[PDB]
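Scroll down for the structure; my scribbles are underneath it.
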Amino acid sequence: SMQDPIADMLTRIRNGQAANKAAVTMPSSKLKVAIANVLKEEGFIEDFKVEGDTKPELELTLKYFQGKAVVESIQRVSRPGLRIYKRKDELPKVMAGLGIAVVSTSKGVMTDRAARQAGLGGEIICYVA
Amino acid sequence: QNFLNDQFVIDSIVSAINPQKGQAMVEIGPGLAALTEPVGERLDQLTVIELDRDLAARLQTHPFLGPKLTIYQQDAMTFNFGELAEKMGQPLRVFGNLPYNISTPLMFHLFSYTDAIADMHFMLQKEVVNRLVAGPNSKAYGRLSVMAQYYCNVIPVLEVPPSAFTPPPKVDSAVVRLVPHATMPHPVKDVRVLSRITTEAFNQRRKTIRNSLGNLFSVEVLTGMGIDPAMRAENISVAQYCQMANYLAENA
Amino acid sequence: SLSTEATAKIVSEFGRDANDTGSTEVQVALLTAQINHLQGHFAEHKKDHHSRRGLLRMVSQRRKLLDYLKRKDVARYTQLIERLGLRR
Amino acid sequence: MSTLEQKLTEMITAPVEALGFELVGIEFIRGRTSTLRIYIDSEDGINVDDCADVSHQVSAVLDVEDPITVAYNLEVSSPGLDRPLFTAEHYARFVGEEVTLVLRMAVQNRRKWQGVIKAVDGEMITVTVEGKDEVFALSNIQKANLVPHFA
RNA sequence: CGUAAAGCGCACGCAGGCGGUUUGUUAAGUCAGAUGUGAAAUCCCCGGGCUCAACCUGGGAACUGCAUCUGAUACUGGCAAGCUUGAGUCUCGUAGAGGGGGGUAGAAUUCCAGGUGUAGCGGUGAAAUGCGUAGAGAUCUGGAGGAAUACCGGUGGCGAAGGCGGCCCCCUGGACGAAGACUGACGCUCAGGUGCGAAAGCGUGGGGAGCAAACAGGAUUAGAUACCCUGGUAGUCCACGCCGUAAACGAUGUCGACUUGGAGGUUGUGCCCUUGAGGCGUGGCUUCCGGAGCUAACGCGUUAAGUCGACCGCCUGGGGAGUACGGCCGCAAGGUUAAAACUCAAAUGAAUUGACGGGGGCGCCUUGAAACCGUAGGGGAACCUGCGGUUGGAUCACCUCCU
RNA sequence: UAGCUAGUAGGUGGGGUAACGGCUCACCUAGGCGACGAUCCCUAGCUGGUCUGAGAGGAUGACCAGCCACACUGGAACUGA
Ligand SMILES: [Mg+2]
Ligand SMILES: [Mg+2]
Ligand SMILES: [Mg+2]
Ligand SMILES: [Mg+2]
Ligand SMILES: [Mg+2]
Ligand SMILES: [Mg+2]
Ligand SMILES: [Mg+2]
Ligand SMILES: [Mg+2]
Ligand SMILES: [Mg+2]
Ligand SMILES: [Mg+2]
Numbered sequence: 002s003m004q005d006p007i008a009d010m011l012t013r014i015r016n017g018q019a020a021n022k023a024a025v026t027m028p029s030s031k032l033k034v035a036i037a038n039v040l041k042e043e044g045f046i047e048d049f050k051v052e053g054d055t056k057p058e059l060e061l062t063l064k065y066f067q068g069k070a071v072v073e074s075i076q077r078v079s080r081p082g083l084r085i086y087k088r089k090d091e092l093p094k095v096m097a098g099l100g101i102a103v104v105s106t107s108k109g110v111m112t113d114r115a116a117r118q119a120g121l122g123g124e125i126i127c128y129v130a
Numbered sequence: 017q018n019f020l021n022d023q024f025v026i027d028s029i030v031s032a033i034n035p036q037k038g039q040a041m042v043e044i045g046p047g048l049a050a051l052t053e054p055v056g057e058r059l060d061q062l063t064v065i066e067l068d069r070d071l072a073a074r075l076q077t078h079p080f081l082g083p084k085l086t087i088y089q090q091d092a093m094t095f096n097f098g099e100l101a102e103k104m105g106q107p108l109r110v111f112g113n114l115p116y117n118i119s120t121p122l123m124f125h126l127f128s129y130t131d132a133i134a135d136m137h138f139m140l141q142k143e144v145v146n147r148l149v150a151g152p153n154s155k156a157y158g159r160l161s162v163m164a165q166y167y168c169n170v171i172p173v174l175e176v177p178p179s180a181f182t183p184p185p186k187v188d189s190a191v192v193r194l195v196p197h198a199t200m201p202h203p204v205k206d207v208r209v210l211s212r213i214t215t216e217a218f219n220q221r222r223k224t225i226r227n228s229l230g231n232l233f234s235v236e237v238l239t240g241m242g243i244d245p246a247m248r249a250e251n252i253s254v255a256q257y258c259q260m261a262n263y264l265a266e267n268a
Numbered sequence: 002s003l004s005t006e007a008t009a010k011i012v013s014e015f016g017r018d019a020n021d022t023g024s025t026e027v028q029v030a031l032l033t034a035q036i037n038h039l040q041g042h043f044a045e046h047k048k049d050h051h052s053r054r055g056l057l058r059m060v061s062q063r064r065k066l067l068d069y070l071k072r073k074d075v076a077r078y079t080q081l082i083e084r085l086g087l088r089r
Numbered sequence: 001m002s003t004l005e006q007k008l009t010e011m012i013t014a015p016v017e018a019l020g021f022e023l024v025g026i027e028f029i030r031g032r033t034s035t036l037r038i039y040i041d042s043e044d045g046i047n048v049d050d051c052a053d054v055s056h057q058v059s060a061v062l063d064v065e066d067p068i069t070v071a072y073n074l075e076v077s078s079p080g081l082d083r084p085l086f087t088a089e090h091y092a093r094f095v096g097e098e099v100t101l102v103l104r105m106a107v108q109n110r111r112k113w114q115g116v117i118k119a120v121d122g123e124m125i126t127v128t129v130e131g132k133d134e135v136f137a138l139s140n141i142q143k144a145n146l147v148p149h150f151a
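Protein chains in written order, with the authors' numbering: chain H, 2 to 130; chain Y, 17 to 268; chain O, 2 to 89; chain X, 1 to 151.
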């Protein structure tokens with residue numbers, strides 16, 4: 002059955018990127034919206050939006066730079082089979098700091114770059130570059 | 017077809033035979049000169065059958081051997097070993113090696129002469145030898161091994177690798193010796209009753225003997241003999257088989 | 002595998018109204034009635050393993066529904082298993 | 001087990017006695033290789049070097065006229081601190097001494113033995129088997145070893 | 001983990017793991033900070049001292065931890081409340097060798113009873129054994145009995161898998177579409193566990209047409225145990241027990257999401273049909289191509305072997321060996337779980353080029369050239385035979401070298 | 001190596017220790033433990049550390065420091081802080 006709604010959106014991003022799709026869409030959820038926001042805030046996508054009351058849909062507009070996908074790697078480290086937590090300093094570096102990790106802290110979701118200078122460890126969602 | 021090639025095991029077989037005068041010795045299937053020579057050597061004089069008349073000429077014309085043996089040129093299953101036992105003064109030592117389709121016949125013809133034979137000494141294929149000596153409670157056991165162990169005491173002599181043979185087979189093979197009992201440890205009223213009891217039983221070896229020998233005897237007969245009819249045919253020793261044979265013969 | 006009318010009697014007993022089908026009560030009741038009826042089938046048709054594969058699916062489905070209702074509301078659970086005499 | 005054991009003995013005797021050494025035992029085994037094992041002794045002594053000499057000689061003087069060469073290799077040996085032994089005269093040197101035997105007769109009152117040599121007959125070894133005594137023919141035995149006490 | 005070793009024969013299901021979505025609450029996990037503690041020595045850093053070094057030594061750092069307190073509230077967990085997308089009920093249809101039970105039909109073989117009839121029949125390469133003058137064989141009629149469903153029938157349907165095929169009835173399982181309605185996360189997976197599970201064989205009692213291990217007898221062959229033939233028991237059938245394995249293989253675990261196309265098949269359904277054909281759609285199932293990607297390669301390819309999430313099963317060189325032993329299980333066969341010593345430098349998968357070779361066609365292109373699985377029984381062999389499953393239907397390999 | 005256990009598990013009361021306590025004893029209850037591996041059998045003193053390893057790990061516990069146990073073998077008990 003469905004057991005990871007986040008890996009589902011990330012694999013939709015990958016598969017949509019590889020399929021050259023201008024956008025991809027998902028059953029929305031509050032966490033997915035926050036995720037989509039932080040990766041728009043690091044510029045990995047053109048835009049995201051949500052459409053419809055009751056059942057919701059979250060659409061992601063995939064970014065292509067000249068001839069190619071902007072995201073080339075996206076993977077999620079907190080398997081629902083085993084969660085992952087890191088201290089404020091133990092927040093990892095993606096592509097030696099070129100890339101991003103996503104941290105759910107007790108003051109919300111943010112990039113590892115934000116989280117380490119904010120002094121908060123937390124749970125780690127995923128890596129992207 | 018096969019005959020041996022390597023002196024080590026040839027010498028082992030002919031020495032293990034212990035062929036000397038004071039014994040009524042006769043070869044069958046002299047084959048290649050290499051294994052018939054040492055036995056025709058150690059016995060001052062020796063009898064032989066070869067089935068082939070051309071090989072019988074090759075060996076009878078061989079001056080090591082023709083002057084040192086008396087030679088016969090026919091199917092041994094025709095041959096009157098009971099008269100040869102009289103001509104050789106005492107019951108025979110019968111021995112050698114063959115193409116061995118004839119093996120199954122050899123045993124029955126030898127058993128037709130259990131009086132006229134003192135002992136038998138022969139090479140045979142691994143599976144049939146291990147069957148021939150098999151203990152009653154084993155899958156290797158069965159009707160032909162029963163009849164063999166009925167007629168004679170049976171004794172493996174030595175075992176030989178396949179590269180030892182002139183055309184080397186894939187199949188390891190052993191020389192075996194056997195001894196018609198001086199008195200039958202299992203006295204029997206007839207052997208045809210044994211032969212048919214054993215074939216019926218082994219033709220049905222997966223089912224209970226109530227569903228094998230109990231197709232002829234009753235369960236109350238079998239248990240009356242002291243035999244549990246719920247056994248399988250391959251649980252049953254030659255002792256109770258000859259007891260059944262006597263029961264069949266004497267109650268008929 | 003049930004007549005519309007036996008279904009109607011059961012849903013009009015265990016159901017909220019005629020608009021309800023598939024409230025847990027409706028389900029477990031009609032499922033139970035089917036299971037009860039099929040005892041007569043298998044009491045003749047011992048060797049009907051392919052049919053009894055459906056029966057095994059049904060009794061386990063009954064168990065799953067009951068256990069959900071038991072954790073959702075013990076009162077509805079206890080009065081429902083009382084009415085059907087379930088946990089017999 | 002050997003080919004033509006007397007012929008083999010004499011062909012081996014020629015370099016053995018040319019070296020002034022003495023034969024003791026000849027035995028062959030048939031298996032993964034098939035191989036020939038020569039026991040030689042000389043009571044001044046046999047070194048590894050004396051084995052090396054007679055072995056290089058037989059490795060020539062037998063091979064060039066081999067009656068058989070199947071899978072062949074050989075070794076020459078001192079007869080061990082527990083020694084294989086083969087003849088009436090051997091057991092006769094060793095009357096009163098502990099032994100093990102395996103036989104061409106293969107029957108209960110088991111013809112596989114531990115023994116102390118009681119006396120030698122012209123045809124037989126008489127031996128304190130199992131602290132009992134019994135006698136076995138030189139022909140009804142097939143292999144024997146002496147002072148098995150030494151491991 | 002398709003073929004190199006590896007996905008339980010299949011399914012259900014307990015424990016266990018895992019779990020959509022919204023709001024409140026909690027604050028266990030988690031995070032942050034503090035406090036106590038984490039022996040010294042050792043380690044590391046920064047110094048000092050032995051002429052240097054090793055060595056010694058000052059001071060720091062480190063001691064990933066544990067406890068306690070304090071906050072933090074995203075996420076996870078708990079609690080509470082809901083939600084309808086997952087799950088599932090209902091109403092109406094649809095297709096189907098799905099299963100269980102009971103009748104019944106036309107072919108067919110054999111057999112019996114005649115009838116007509118007469119020297120042959122039968123069998124093979126040819127023979128023989130076999131059958132017939134007591135009349136066979138043949139052919140007509142009449143009867144018996146057991147077994148199986150010609151054709152449709154398909155690159156076709158159903159079924160968890162094993163499997164399911166004359167026809168009708170009776171009971172009965174599942175599936176898919178339609179259009180709503182309803183419940184309200186009720187879910188997935190699943191160690192143990194439980195049950196289903198070809199063929200063979202066993203157990204108890206029937207049946208026995210045809211076929212046929214074993215067996216028997218005739219032939220063939222250097223031999224022939226085979227291959228051939230004439231016979232023939234078990235078995236094959238049935239009811240009721242058992243066994244519990246198969247190349248039980250898509251050699252491919254279950255569930256869920258995503259990701260180019262294309263040509264079919266089959267089975268619902270909507271709309272348009274000008275009708276009847278058509279033509280727009282639109283589920284389900286299913287076959288073959290093939291893009292991307294993947295893959296050792298072969299190949300796989302939206303029914304993945306692509307991209308991924310949850311759980312389970314399994315493998316860790318080759319032999320020894322699925323063998324020992326022990327336990328369990330079985331009526332017995334055997335099943336099952338399962339070693340090690342010992343031994344070897346491999347063993348192995350795919351694919352390339354010559355042989356192939358026997359050729360085959362026209363010096364040239366290039367092939368007229370069974371293995372196994374499970375199981376039961378014979379047994380000169382490796383082997384032979386019966387039952388039914390799978391396809392993985394075959395070869396084998398010699399003279400040196402640097403930029 | 002699957003079940004284990006009768007002072008066994010718990011209770012009351014008596015006795016007992018420097019001290020709590022089946023520590024022990026009377027009675028009384030029928031518990032208690034275990035597939036989150038008890039029970040059983042093999043093997044081992046433990047630890048700061050040490051060696052290796054990029055690291056995670058793996059190996060290991062000689063010397064030095066901390067803890068433990070033992071003192072011909074097996075039994076006790078005196079005295080004393
Ligand atoms: Mg494999
Ligand atoms: Mg499978
Ligand atoms: Mg959750
Ligand atoms: Mg919560
Ligand atoms: Mg039967
Ligand atoms: Mg059957
Ligand atoms: Mg086994
Ligand atoms: Mg199949
Ligand atoms: Mg007290
Ligand atoms: Mg490493």
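Here a beta-carbon is modelled for each residue, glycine too, at the ideal position from N, C-alpha and C.
Are there 16 or more other CB atoms within 10 angstroms of the CB of residue i, so buried, or fewer, so exposed?
| i | result |
| --- | --- |
| Y/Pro245 | buried |
| O/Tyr69 | exposed |
| H/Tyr86 | exposed |
| O/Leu32 | buried |
| H/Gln18 | buried |
| X/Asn109 | exposed |
| O/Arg89 | exposed |
Excluding the 5 residues flanking residue i on each side, which residues of the same chain have their C-beta closer than 7 angstroms to its C-beta?
| i | result |
| --- | --- |
| X/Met105 | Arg111 and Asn140 |
| residue 106 of chain O | Here chain O covers residues 2 to 89 and nothing more, so residue 106 of chain O does not appear. |
| H/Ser105 | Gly123, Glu124 and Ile126 |
If distances are taken between C-alpha atoms only, which option among the options comes closest to residue i?
| i | options | result |
| --- | --- | --- |
| H/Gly53 | H/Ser29, H/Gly68 and H/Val71 | H/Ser29 |
| X/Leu138 | X/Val70, X/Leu85, X/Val48 and X/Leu8 | X/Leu85 |
| Y/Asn267 | Y/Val176, Y/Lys37, Y/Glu216 and Y/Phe233 | Y/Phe233 |
| Y/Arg248 | Y/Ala255, Y/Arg221 and Y/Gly230 | Y/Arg221 |
| X/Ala71 | Y/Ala180, Y/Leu75 and Y/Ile26 | Y/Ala180 |
Which residues of chain Y have a Cβ atom closer than 8 angstroms to the Cβ of residue i, listed in chain order?
| i | result |
| --- | --- |
| X/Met105 | Those within 8 angstroms of X/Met105 in chain Y number zero; the least Cβ separation is about 11 angstroms. |
| X/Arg30 | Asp22, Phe24, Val25, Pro177 and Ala180 |
Below 8 angstroms on C-beta distance, what does residue i contact in chain X?
| i | result |
| --- | --- |
| Y/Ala32 | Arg104 |
Can you find the residues in the same chain that come closer than 6 angstroms, C-beta to C-beta, to residue i, ignoring five residues on each side of it along the sequence?
| i | result |
| --- | --- |
| Y/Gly45 | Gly112, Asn113 and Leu114 |
| Y/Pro183 | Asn18 |
| X/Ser34 | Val70 and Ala71 |
| Y/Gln76 | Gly82 and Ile87 |
Residues of chain X with CB under 7 angstroms from residue i, in chain order?
| i | result |
| --- | --- |
| Y/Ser28 | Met1 |
Return the chain-ordered ranges of every alpha helix (DSSP H) run that is complete within the segment 37-113 of chain H and spans a minimum of 4 residues.
none
What are the uninterrupted segments assigned as alpha helix (DSSP H) that are 4 or more residues long and contained completely in the segment 3-39 of chain O, given in chain order?
5-15
Going residue by residue through the segment 156-191 of chain Y, where are the continuous beta strand (DSSP E) segments of at least 3 residues, counting only ones entirely within it?
168-176
Any beta strand (DSSP E) of 3 or more consecutive residues that is wholly inside the segment 48-91 of chain X:
72-77
Quick check on the DSSP output: what are the complete alpha helix (DSSP H) runs of length 4 or more inside the segment 204-255 of chain Y, in order along the chain?
207-218 and 235-240
At 3 residues or longer, what runs of the beta strand (DSSP E) sit wholly inside the segment 12-47 of chain X?
22-30 and 34-41
Pick out the complete beta strand (DSSP E) segments inside the segment 37-67 of chain Y, 3 residues or longer, and give them in chain order.
40-44 and 62-66
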